[PDB]
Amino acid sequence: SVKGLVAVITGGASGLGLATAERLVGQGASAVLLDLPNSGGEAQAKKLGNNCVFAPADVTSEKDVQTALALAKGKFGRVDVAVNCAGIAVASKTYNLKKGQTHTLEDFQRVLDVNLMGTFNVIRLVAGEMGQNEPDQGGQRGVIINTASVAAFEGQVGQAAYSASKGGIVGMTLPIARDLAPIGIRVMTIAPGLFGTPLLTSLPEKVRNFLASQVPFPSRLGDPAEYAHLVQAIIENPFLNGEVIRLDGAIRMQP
């Protein structure tokens, strides 16, 4: 049971991170919403109750994550679980001949920084915090869960930067599990397909709906609560480690 656990959730003010916070808190765990100052994390934490607090932070900054982790320790005593949900998307072709347009370097760099470097920043710092926990009866001190994407495996036209960042997450999952194995911290990754969150609000309704119609079964966007459910499953199951799990209705993305 997740009752009593302390979880730090990046991107916790919105979409999949928020849904995760809701479910876990609803089960008696405590949540720390690590999100940008501009988000509505403060209001979300206020709605989720006394077992939920907001820690304003940018995941690409060492100092910010240190501050939020210190806050989490200070309020809830320890960190049992970390969920990397902070992330951003861009659509931009590598090169467009007809338009004579080139993907910009900084668009590639900014996506890499938040999604990949930002996730690793939280991982390396939170691992030091989980290192201080006494191992439970099973030898465990903590659980770390990251968010990749099926774009790591079937990136679509326009998805080079996103794919690189999420492929980086997939690739570093096993080595980081190996690193932390002697101190009993599990490391797992979820690769969502298409989910109904504000991430997708930026696209034409005909665009979303089309995408939606491609999921083999069930034929719809995933529900953020379904992501949350898989997070809990992973937290609960002591033998799940070093793996990436597709959560995507069996879709395979076309160009």
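For every residue, the number given is its place in the sequence shown, counted from 1.
Looking at mean Cα B-factors across 166-174 and 79-87, the upper value is held by 79-87. Annotation for 242-250 versus 13-21: the higher mean temperature factor (C-alpha) is found in 13-21. For the set 72, 126, 180, 116, the PDB entry puts the maximum C-alpha B factor at 72. Remark: residue 146 belongs to the lowest third of its chain, ranked by C-alpha B-factor as recorded.
Residue 94: CA B factor in the lowest third of modelled residues in this chain (values from the PDB entry). For residue 156, the recorded CA B-factor ranks within the middle third of the chain. Only modelled residues enter the ranking. Per-chain ranking of the deposited C-alpha B factor places residue 104 in the lowest third. When the modelled residues of the chain are ordered by their C-alpha B factor, residue 217 lands in the lowest third.
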